[PDB]
Amino acid sequence: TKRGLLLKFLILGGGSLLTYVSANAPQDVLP
Amino acid sequence: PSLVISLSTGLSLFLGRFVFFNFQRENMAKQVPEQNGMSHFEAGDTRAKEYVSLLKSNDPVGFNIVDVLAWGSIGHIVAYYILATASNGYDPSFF
Amino acid sequence: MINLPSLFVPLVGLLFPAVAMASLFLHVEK
Amino acid sequence: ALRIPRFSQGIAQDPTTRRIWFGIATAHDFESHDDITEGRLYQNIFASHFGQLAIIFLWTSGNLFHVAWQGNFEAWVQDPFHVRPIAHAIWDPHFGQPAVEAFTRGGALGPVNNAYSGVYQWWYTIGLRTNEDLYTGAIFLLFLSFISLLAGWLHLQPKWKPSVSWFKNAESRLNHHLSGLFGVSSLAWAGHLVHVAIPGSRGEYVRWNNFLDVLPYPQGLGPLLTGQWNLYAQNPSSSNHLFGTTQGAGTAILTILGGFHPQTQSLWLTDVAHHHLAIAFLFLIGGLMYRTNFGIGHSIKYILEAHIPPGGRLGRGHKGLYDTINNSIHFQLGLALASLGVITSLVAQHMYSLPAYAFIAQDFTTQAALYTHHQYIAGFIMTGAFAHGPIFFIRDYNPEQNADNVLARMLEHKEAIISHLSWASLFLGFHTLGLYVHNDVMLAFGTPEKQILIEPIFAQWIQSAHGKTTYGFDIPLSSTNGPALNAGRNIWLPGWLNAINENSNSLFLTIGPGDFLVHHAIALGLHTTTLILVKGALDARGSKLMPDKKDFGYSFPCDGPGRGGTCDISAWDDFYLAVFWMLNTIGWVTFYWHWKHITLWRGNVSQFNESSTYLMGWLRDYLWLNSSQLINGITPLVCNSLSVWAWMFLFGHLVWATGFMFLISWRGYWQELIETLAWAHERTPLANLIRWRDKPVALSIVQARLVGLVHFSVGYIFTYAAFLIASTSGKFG
Amino acid sequence: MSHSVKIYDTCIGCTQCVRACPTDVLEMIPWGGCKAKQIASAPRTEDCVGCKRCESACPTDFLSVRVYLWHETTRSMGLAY
Amino acid sequence: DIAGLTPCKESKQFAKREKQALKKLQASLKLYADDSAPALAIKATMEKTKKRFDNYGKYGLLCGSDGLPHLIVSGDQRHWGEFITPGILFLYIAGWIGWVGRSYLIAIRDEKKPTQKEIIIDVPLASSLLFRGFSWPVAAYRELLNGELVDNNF
Ligand code: CLA
Ligand code: CLA
Ligand code: CLA
Ligand code: CLA
Ligand code: CLA
Ligand code: CLA
Ligand SMILES: CC1=C(C/C=C(\C)CCC[C@H](C)CCC[C@@H](C)CCCC(C)C)C(=O)c2ccccc2C1=O
Ligand code: SF4
Ligand code: SF4
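Residues numbered from 1 in each chain as written, not as in the entry; some residues may be left out. Chains lettered and ligands numbered in written order. Part of a larger assembly, values for the part shown. Heavy atoms only, no water. Residues with missing side-chain atoms left out of burial classes, pairs and counts.

Per the deposition metadata, X-ray crystallography was the technique used to determine this entry, at a resolution of 3.48 Å.

Below, the structure written as C-alpha cells:
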C-alpha cells in the first residue's frame, strides 16, 4: 500500500531471506 | 642413413624461389590491388587467374636452391666470417 | 565458523529462475 | 490485441499461444525474417557465433574449475588405478542420509560423480600436474572467453567496420586459414607439447620461473637449423620407464620407436608432435595456394570453370559453382556439416585402438562413453548436413544460373538416384533379416548346427596384409616371408602397427560371422537413412504429387487431403523422418562396440562369437545380461551403488514413450477438447474475468512432429547414456 | 499470402466442379475469354480459415493449397477463444 | 583350412557338439516305448540329425571355435559351391521370375479396354510365357541390350 514502484525489492529482499539463511546452517543435520 | 637435410635443403629449394620480388620493379604486393577495400563486382565473384605467368625466374632464381643448399649446408655454413665477435658470437662448427 | 558454502544452487537453480520466469514474462508484457 | 515479438510480424499479433512457441524457434532463422538484409544476415550470424567461441570457454573454464580444490588430482597423479576419479560435488537437499553411501567416493569428502570425460587424462597427459602447481584453468580460458565477446560487440559496431561484402571472398580466407589457422595452430601446438609437456611426461618438471634456464638438452637447439635432424631419434625413451619419472627415460625428443606398454597404452610421448610438426609444413605449403592481391597463385574459378576431368568431350558443363556455393550460405553450412560429420567419427573411431592418453582403455569406461558422444553428434550432424543441402535447393539455388551444369543433371537425373539407392536398402534389408531370424529359428529349434554364418573374409583379409600375424597363412606374394616388404623393414613399422591379436587391447579385434552381420546392418543404415535424406533433399523443390512445392520449401508440413492424400512431404518432414534411422544406425553401430569390449575385458570373447550370430541373445545376454548391477540399485533393500543412473534409465523410458503422443496424436483431437475445456473457466465461478493473454490452442501441425522427437531422442539418448555407464562400472565385462 | 495457396487452373468454370469452402471464395469474375468464362484464383481472402477443401474438387493442375499463410490471425483459426 | 579350423576329417570342438547337445536327446532314461509304436525321438530326429555321424557327407566345411561351421567361399582349397553353385542358381531362378514379370505384362496395354486385366490373371502364372525362362538360352543377355528393350525404348 505504497506499491508506487515496488516488487523489485521484495524479490531480492524476501527471496534472499527465504534462501540466504534458509540454506547455510551452522552444523548440518545433513542431507 | 637418412638424408634429413636431403629435403630441408629441398624445401627452401622453393620458398627462395620466394626471395623473388620484394626487390625488383616497384613496390610490395604488386601493390595491394584488391585486398582491403573490396574490388567490386569483380572481386565481385571472381578474378584473376592466368595459365600464362609461370616464367620470370624459372631460369634465374632456380639457382637459389644451390645457394645455402651448396657451400652453406653440408659444407659448413660461411667459414669466411669474423665481423664483431666478443659479446660473444662464435658460432662454432657443430659439424 | 565451520561448513557453509550453500548459496550457488538457489541463487541459480532457484532464484535465478525466479528472476526470468518473472522478468521474461516480458514476452507476455513488460 | 497488442503488438510484441521484436523481429517477425505475422507471429507478432497472433492472439493464441503459438505467439510464444513459434517465437522461441524462429529466432535463429535470420535469412528472411523482417529484420534482414544480405548485409544484416551475414553479420547477424557473425557476431552471433562470436557469441560463439564465447560460450565454449565458460564451459571449459568450469571444467577446469570443478577440479583444483577437490576432485582428486594430487591423488590420481600418484598413480591412476581404475578407482573412481571426480567431476564435481553433488548437492541436492532431496538426498537422504545415504549421502554417506558410495556417492561420497573414497578420497574426497561430500558426494561426487567422477570424470567420464577424458579431460582428466589430458590436463594430465600434457604434463599439468602439481596441486600447488595447478589452479589455473578458468583464470586463462576465461580471461580469454570474454575477449571472445569483445569482438562480438567491437565488430558489431558500425564504424570500425563489421565488414559486409568482404564475406564472400574465399581465396584470401582459406588462403589464410589453412595456413594462418590450422598450420600455425598446429606448429604452435607442436611448440607446446615439446618445450613444456614431453619434459613434463617422461622426464621431470619445468618450474613456473624458468623457461630459458630449462633446455631439453645441455648444448641447446644444437645443429637443427644445421640440416642434421636425424639424431633426434636415438635412445629417445625406453620401456623400463616408470612413466613421468625419467630413469630409463633418456632425453632425445621425437621417434617412432618402442611402442605399446602394459604401463599405459596410448600413442608414444613424442610422435603426436613430429606429426603435429610434420603436417604443419603441408598446410603452410597449402596455405599460400590462392590469390590475395600480390599476384601469384590462383583464382578459385578458372580451375573449376572449364577445368573438369571427365568432362571435356562428354557434354556436361561446370558453370560458376563458385557464385552458387558462395551466393548460397547453405551449401556453405552443409559442406561444413559433414567433413565434420565424416571426421567426427574418424576422430571417435580412431580415438579408440589409438587413444593418445596416459591411462585410457585399460580404463574401459570413459573410453566407452566418449566414442559415442562422437557417434551421437556425428550421426546427429550428417543429418543436418543433408538438411542444409535441401534448403539450398529452395531458399537459394537458381535453375537458370546453374544449368547443363553439374549441380543440375544431379537434379535432372534424380529419379534413378533414389532407386539405385532404394535397391541397396531393400537388398540390404531382407538379406540381413534372412540371416538373423534363420540364425534364431535354428537355435530354439535345438539345432545350433544348421546356423547360417559367413566368415567376414574381406575383413580379416585387411589385416593379414598389415600385422595380423594370426596363426600364419601365406597369401601368394607375401607368404609370411620370402618377399616381405624388401623396400620397407626396420624403418617405419617397428613395434607399432604391430599389436597383432593381443587379447587385451590389440587395436584390431579378430572378427568372425558375428561381425559379418552388424557390419552389414550398419551398412543398411547409412543407405536407408540417406535414401530418405538424398530424397528429402533431391526434391524440396517439388514432384508430381506436389509439383510446385516451393517459395518456402522446407517446413510447410502437411497439405490438404485429396490429391492422393498428402502429408509429411516437406523436405523437413523427411529430415524429420530421417532422424529416426540416424537414431538406429548410430545405435546398431554403438550397441556393437560394447558387447565386444565388455566381454573383451574382465572376461571372455567367445561370448560375442557364437552369441551375436543371432538375434535373441542380443536381447538376452547383453540387454538382459548386463543391466543387473543398476536396476536392483533402487532395490527394495535400500539405495545401493548407483541411483542417479537407473532413475535416469526410467526417466529414459518415459521421455521416450511420451514422445508418441506427439507422433500418434495430430493437432485435430487436441484442439477440439480444448474448445470444450475452454468453456470451463469462462463458465465457472472463482475463475471468471481472469483473462489469458494467449488463446488456448493445440500445437502446430509441424511443431509436434518435432517435439515428439526432441523428446523421442533425449529419452532414447538419455537411456543408453545411463545404460552403458550403469553397467560398464561394476561390470564385470 | 497473407493467404497464398494457389488453386488456380485454366477453366475456372464452376459447374459440377467446386463451391465448398467457408465464405472465402466469392469468385465468378469473368476474364475476357476463358471458356465458361469465369476465372482467377480468389476474391478478398481476409475472412476465413485454411482448408484445401479449396481444391479437393475442381482442378488446380499443379498444386492445390493447404495451410501456407503463416501470418495467421485468429478469426483465421477458429480459436481466438 | 583358412581362418577357422579344418573340416570334419578333424574338428574336436565340433565333435563335442555332436555328442552333448544332441545325445541328451537322451536324457529320458526311458519314457515309455519299450515296443510301443509312436513317440519318435527314439528313431531319427536324432538319427536323422545323428546318423549324420563322423559323416555329414564330408563337404570340407571349415568350422570355427565351438565348431559351428563357417562359410568362406573364395573359390579355393575346397569351398566354391557355397555361393556360386547355389548363387547362379538364385540368379537363374529369379530373373526367370521377372523375365516373365517383364512378360505377362508386356503382352498387355492393347486390343480393347485393358485397364486391370491383371486383378484376374489371363493365363495363370502366364502359362504361355511360362518356360520363356528355361527357354532362355542367352536371351536378355543380348536381346535386352540390343533391340526391343532397345536404348530407343530407354
Ligand atoms: C557436441 C559436442 C561437443 C562436445 C560437448 C564435446 C566435448 C568434448 N570433446 Mg569433442 N568433438 C566434437 C564435438 C564436441 N565435443 C566434434 C564435432 C569433434 C570433431 C571435430 C570433436 C573432436 C574431439 C576430439 C579429437 C577430442 C575431443 C575431446 C572432447 C572432450 C574434451 C574437452 C574439450 O573439448 O575441451 C576443449 C578445449 C578447448 C576448446 C581449448 C583447446 C583448443 C586449442 C586447440 C586452441 C588452440 C588455439 C591457440 C591459442 C592458438 C595458438 C597460436 C599461438 C599461441 C602460436 C570433451 C568431452 C577430446 C577427448 O577425447 O577427451 C578425452 C579429444 O579427443 N573432441
Ligand atoms: C552447427 C550447426 C548448424 C548451424 C550453424 C545451423 C544454423 C541454422 N539452422 Mg540448423 N541444423 C543443424 C546444424 C546447424 N544449423 C543440424 C545438425 C540439424 C539437424 C541435424 C539442423 C536442423 C535444422 C532445421 C530443421 C532448421 C534449421 C534451421 C537453421 C537456421 C535457423 C536456426 C534455428 O531454427 O534454430 C532456432 C532453434 C531454437 C531457438 C531452439 C529450438 C530447438 C529445439 C528443437 C531444441 C533441440 C533439442 C534440445 C537440445 C533438447 C532440449 C534440451 C533438454 C536438455 C531440455 C540456421 C541457418 C532452420 C532453417 O532456417 O531452415 C529453413 C530449420 O529449418 N536447422
Ligand atoms: C523395425 C522395423 C520396421 C521395419 C521392418 C521397417 C522396414 C523398412 N523401412 Mg522403416 N521405419 C520404421 C520401422 C521399420 N521399418 C520406423 C519406426 C520408422 C520411423 C518412424 C521408419 C522410417 C523409415 C523411412 C524414412 C524409410 C523406411 C524405409 C524402410 C524400408 C527400407 C528397405 C529395407 O530396409 O529392407 C526391406 C525391408 C525389410 C528388411 C523389413 C522386412 C520386410 C519383408 C521381409 C516382409 C516379410 C514378408 C512376410 C513373410 C510376409 C508377412 C506379411 C503377411 C502376408 C502376413 C523397409 C521396408 C525406407 C524405404 O521406403 O525404402 C525403400 C525409408 O523410406 N523406414
Ligand atoms: C507416458 C506418457 C505420456 C504422458 C505423461 C501422457 C499424459 C497424458 N495423456 Mg497421453 N499419450 C501418450 C503418452 C503420454 N501421455 C501416448 C504415447 C499416446 C498415444 C501413442 C497418448 C494418447 C493419449 C490420448 C488419446 C489422450 C491422452 C491423454 C493424456 C492425459 C490424460 C490425463 C492425465 O492423467 O495427465 C496428467 C498426468 C500425467 C501426464 C502423468 C503424471 C506425470 C508425472 C511425471 C508428474 C509430473 C508433474 C510435475 C509437477 C513435474 C514438474 C517438474 C518440473 C521440473 C517441470 C495426460 C496428459 C488424454 C487426455 O488429455 O485426457 C485428460 C487423451 O485421452 N493421451
Ligand atoms: C516394456 C518395455 C520397454 C520399452 C518400451 C523399452 C524401450 C526401450 N529400451 Mg528397454 N528394457 C526393458 C523394457 C522396455 N524397454 C526391460 C525390461 C529391460 C531390462 C531391464 C530393458 C533394458 C534396456 C537396455 C539395456 C537398453 C534399453 C534401451 C531401450 C530403448 C531403445 C530405443 C529404441 O528406439 O530402439 C533401439 C533398439 C535397438 C537399436 C536394438 C535393441 C534390440 C536388441 C535386442 C537387438 C540388437 C539389434 C540387432 C543386433 C541389430 C539389428 C539387426 C537387424 C539389422 C537384422 C527403448 C526406449 C536402450 C537404450 O538406451 O536406447 C538407446 C538400452 O540398450 N532397454
Ligand atoms: C514382376 C516384377 C517386378 C520386377 C521385374 C520388378 C523389378 C524391380 N523392382 Mg520391384 N516390385 C514389384 C514387382 C517387380 N519389380 C512388386 C509387386 C512390388 C511391390 C510394390 C515391388 C516393390 C519395389 C520396390 C520398393 C523397389 C522395387 C525396385 C525394383 C527394381 C530393383 C530390383 C529389386 O531389388 O527389387 C526386388 C523386387 C521386389 C522387392 C518385388 C517383389 C514382387 C515380385 C516377387 C514380383 C513377382 C512376380 C509377380 C507375382 C507377378 C505375377 C506374375 C504374372 C506374370 C502372372 C527392379 C527394376 C526398387 C527400385 O525402384 O530400384 C530400381 C525398389 O526398391 N520394387
Ligand atoms: C498433447 C498434445 C497437444 C496439446 C498441447 C499441450 C499438451 C501443451 C502442454 C504444455 C506442457 C504442459 C508444457 C510443459 C513443458 C515444459 C518442459 C516447459 C516448456 C518450456 C519451453 C519454453 C522449452 C498438441 O497440441 C499436439 C499437436 C500435434 C500433435 C500432438 C499433440 C499432442 O500430443
Ligand atoms: S473450379 Fe476450381 S477455375 Fe476451376 S479450378 Fe479454379 S476454382 Fe474454379
Ligand atoms: S481453401 Fe482456403 S480459402 Fe478456400 S475455403 Fe478453404 S480455407 Fe477458405
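More follows now that the structure is in view.
1. A few points about the overall build of chain A
The criterion, for reference: Only DSSP runs of H or I with at least four residues qualify as helices, and only runs of E with at least two residues qualify as strands; both kinds are numbered from the N terminus onward. The classification of residues rests on relative accessible area computed with a 1.4 Å probe and restricted to protein chains. Under 20% of the type maximum is buried, over 50% is exposed, and intermediate values are partly exposed. The accessible surface values rely on the Shrake-Rupley method and a 1.4 Å probe; as for residues, cover is taken only from the protein chains in view.
Summing up its helical and strand segments, chain A has 0 helices and 0 strands in all. Counting only C-alpha atoms and orienting by the principal axes, one finds that chain A spans roughly 40 × 10 × 10 Å. Counting across all 31 residues of chain A, residues that qualify as buried make up 10%. With the model as given, the accessible surface of chain A reaches about 2,900 Å², and the carbon-plus-sulfur share is 72%.

2. A closer look at the overall build of chain F
To keep things clear, this is the line we draw: C-alpha atoms define the radius of gyration in this analysis, and the globule rule sets the expected value at 2.2 Å times the number of residues to the power 0.38. Any two residues whose heavy atoms approach within 4.5 Å are treated as being in contact. Counted as positive: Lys and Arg. Counted as negative: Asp and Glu, with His and the chain ends omitted from the count. For the purpose of locating charges, the reference atoms are NZ of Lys, CZ of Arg, CG of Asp and CD of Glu.
On a plain count of helices and strands, chain F comes out with 4 helices and 0 strands. Order of helices (α) and strands (β) in chain F, N terminus to C terminus: α-α-α-α. Here the C-alpha atoms of chain F give a radius of gyration of 26 Å, more than 25% beyond the 15 Å that 2.2 N^0.38 yields for 154 residues. Based on the C-alpha atoms only, the size of chain F along its principal axes is roughly 75 × 45 × 20 Å. Considering only residue pairs separated by 6 or more positions, chain F has 62% of its internal contacts joining residues 24 or more positions apart. Surface summary for chain F: the accessible area is close to 11,800 Å², and the carbon and sulfur share equals 64%. The averaged location of the 17 negative side-chain charges in chain F is 7 Å from the averaged location of its 22 positive side-chain charges.

3. What about the arrangement of the chains?
The structure contains 6 pairs of chains in contact, of which chains D and E account for the largest number of contacts. Separated in space, chain C and chain F share no contact, their closest pair of C-alpha atoms being 57 Å apart.

4. A short note on the site of ligand 3
Residues and elements named next belong to chain D. Note the threshold: It suffices for a single heavy atom of a residue to lie within 4 Å of a molecule or strand for the residue to be listed as near it. The definition of a polar contact used here is a pair of N or O atoms within 3.5 Å, where within protein one atom must be able to donate a hydrogen and the other to accept one, and adjacent residues in sequence count solely through side-chain atom pairs.
Around ligand 3 lies a shell of 13 residues, among which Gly429, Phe430, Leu524, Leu577 and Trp581 are the nearest. Here a nitrogen atom of ligand 3 sits 3.2 Å away from a polar atom, N or O, in the side chain of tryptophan 581. Elements with a contribution of two residues or more to the shell around ligand 3: α16 (422-442) and α19 (525-538). Sort the elements by how many residues they give to the shell around ligand 3 and α16 lands first, with 6 residues.

5. Notes on the site of ligand 1
Residues and elements named next belong to chain D. Note the cut-off: Residue classes follow a fixed rule: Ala, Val, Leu, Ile, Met, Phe, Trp, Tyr, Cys and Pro count as nonpolar, while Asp, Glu, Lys and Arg count as charged, and any other residue, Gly among them, counts as polar.
With respect to spatial proximity, 14 residues lie near ligand 1, and among them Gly118, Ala188, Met351, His373 and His374 are the closest. A distance of 3.1 Å separates a nitrogen atom of ligand 1 from a polar side-chain atom of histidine 374. Of all the secondary structure elements, the ones that give two or more residues to the shell around ligand 1 are α3 (51-63) and α12 (340-350). Per-element accounting of the shell around ligand 1 gives the leading share, 3 residues, to α12. Within the shell around ligand 1, the residues separate by chemical class into 10 nonpolar, 4 polar and no charged.

6. Quick notes on the coordination of the magnesium atom of ligand 4
Selection rule: Water is absent from the atoms considered, so a metal site may look incomplete; donors are defined as N, O and S atoms within 2.8 Å of the metal, or 3.2 Å for Na, K and Ca.
Looking at the magnesium atom of ligand 4, one finds just one donor atom contributed by the protein, D:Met661 (SD), at 2.8 Å. Looking at the secondary structure, you find D:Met661 in helix α25 (residues 661-664).

7. Brief notes about the coordination of the magnesium atom of ligand 2
Just one protein atom donates to the magnesium atom of ligand 2; it is D:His388 (NE2), sitting 2.6 Å from the metal. Within the element layout of this structure, D:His388 appears in helix α13 (residues 380-388).

8. Overview of the UniProt feature "transmembrane region" in chain A
Short version of the rule: UniProt positions are given in the numbering used here, feature names are shortened, and annotations may be inferred rather than shown by experiment.
The feature "transmembrane region", as given by UniProt, occupies residues 8-26 of chain A in the numbering adopted here. Split by type, residues 8-26 of chain A is 0% helix and 0% strand. Its first and last C-alpha atoms lie 30 Å apart.

9. Topic: the interface of chain E and chain D
Formally: Simply put, the buried area is the total loss of 1.4 Å probe accessible area from both parts when two parts are fitted together. We count a salt bridge whenever a side-chain nitrogen from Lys or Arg sits within 4 Å of a carboxyl oxygen from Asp or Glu.
At the junction of the two partners, chain E supplies 18 residues and chain D supplies 25 residues. Taking both partners together, chain E and chain D bury about 1,900 Å²; carbon and sulfur atoms supply 61% of that area. Considering only the side of chain E, the residues that lose the most area to chain D are E:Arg66, E:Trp70 and E:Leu79, jointly responsible for 32% of the buried surface there. Where chain E meets chain D, there are 3 salt bridges. Put simply, chain E and chain D have 7 residue pairs in polar contact between them. Here the residues of the side of chain E that touches chain D are counted per class, giving 10 nonpolar, 4 polar and 4 charged.

10. Things to note about the interface of chain D and chain F
The partner chain F presents 13 residues to the 12 residues of chain D that form the contact. Contact between chain D and chain F buries roughly 1,200 Å² in total, counting both sides, with carbon and sulfur atoms accounting for 65%. Three residues stand out in chain D for area buried against chain F, namely D:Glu449, D:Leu453 and D:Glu455, and they jointly supply 45% of the buried area on that side. Seen at the junction of chain D and chain F, the total is 5 residue pairs in polar contact. The class makeup of the residues in the side of chain D that touches chain F is 8 nonpolar, 1 polar and 3 charged.

11. Considerations on unusual backbone geometry
Across the junction of E:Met1 and E:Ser2, the peptide omega takes the value 20°, indicating a cis bond. Phi is positive for F:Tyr59, close to 45°, though the residue is something other than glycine. Along the chain, F:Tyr59 falls in the loop between α2 (47-50) and α3 (85-93).

12. Here we look at a nonpolar patch on the surface
Here is the rule we go by: Patch membership requires over 30% relative accessible area and the absence of a salt bridge. Like charges are linked within 9 Å, and nonpolar side chains (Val, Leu, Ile, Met, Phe, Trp, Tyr) within 5 Å.
On the surface, B:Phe14, B:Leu15, B:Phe18, B:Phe20, B:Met28, D:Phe294 and D:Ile296 cluster together into a nonpolar patch covering about 710 Å² of accessible area. Looking at D:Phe294, the relative accessible area reads 42%, which means it is partly exposed.

13. Brief notes about the nonpolar core
All names here are of chain D. Stated formally: The criterion is simple. A nonpolar core is a set of buried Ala, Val, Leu, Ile, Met, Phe, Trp, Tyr and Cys residues joined through side-chain atoms within 4.5 Å.
Within the largest apolar cluster, 35 residues are counted, with the highest numbers of intra-cluster contacts made by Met582, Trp618, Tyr622, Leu630, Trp645 and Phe723. Sorting the residues of this core by element identifies α18 (515-521), α21 (585-592), α24 (644-657) and α28 (712-725) as the ones contributing at least two each. With 6 residues, α28 is the largest single contributor of residues to this core. Contact partners of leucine 630, with chain neighbours within four places excluded, come to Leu642, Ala646, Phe649, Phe723, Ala726 and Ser727.

14. Thoughts on the packing of aromatic side chains
Residue and element names in this part refer to chain F. Defined as follows: For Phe, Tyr and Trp, rings pair up if their centres lie within 6.5 Å, where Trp contributes its six-membered ring, and each pair is then called stacked (planes under 30 degrees apart), edge-to-face (over 60) or tilted (otherwise).
Inspection of the entire model under this criterion finds 58 aromatic pairs over all chains. With a centroid separation of 5.6 Å and 40° between ring planes, the pair formed by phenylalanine 14 and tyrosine 56 is classed as tilted. Here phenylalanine 14 is found in helix α1 (residues 12-19), whereas its partner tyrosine 56 is found in the loop between α2 and α3, with 42 residues between them in sequence. Judged by its relative accessible area of 8%, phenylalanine 14 is buried.

15. Considering the side chain of D:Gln671
Along the chain, D:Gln671 turns up in helix α26 (residues 668-677). A polar contact of 2.5 Å, which involves the side chain of D:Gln671, links it to the side chain of D:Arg667. Leaving out residues up to four positions away in the same chain, D:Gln671 has contacts with D:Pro696, D:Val697, D:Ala698 and E:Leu79.

16. Here's the deal with the environment of D:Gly708
Residue and element names in this part refer to chain D. Counting through the fold element by element, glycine 708 comes out in the loop between α27 (703-707) and α28. The class of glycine 708 is buried, set by a relative accessible area of 0%. If we ignore the near neighbours within four places in the chain, the residues touching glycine 708 are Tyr576, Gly659, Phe662 and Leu663.

17. A word on the environment of D:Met648
All names here are of chain D. Take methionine 648: it is sitting in helix α24. Sequence separation between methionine 648 and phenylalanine 723 is 75 residues, and the spatial gap between their C-alpha atoms is 8.8 Å. Sequence-distant contacts of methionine 648, defined by excluding residues within four places in its chain, comprise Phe718 and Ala722.

18. Here we look at helix α7 (residues 182-195) of chain D
Residue and element names in this part refer to chain D. Basically, it comes down to this: Expected helix span is given by 1.5 Å per residue-to-residue step, counting one fewer step than there are residues. Each C-beta atom gives one direction from the helix axis, and the arc is the one those directions make.
Counted at 1.5 Å a residue, the expected span for α7 with its 14 residues is 20 Å, and the 20 Å between its end C-alpha atoms agrees. Where α7 is concerned, the buried positions are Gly183, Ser186, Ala190, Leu193 and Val194. Buried residues in α7, looked at end-on, bunch into an arc of 95°, giving them a common side. Of the surrounding secondary structure, the elements contacted by the buried residues of α7 are α6 (177-180), α8 (198-201) and α9 (274-286). After α7 finishes, the residue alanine 197 shows a positive phi value of roughly 155°.

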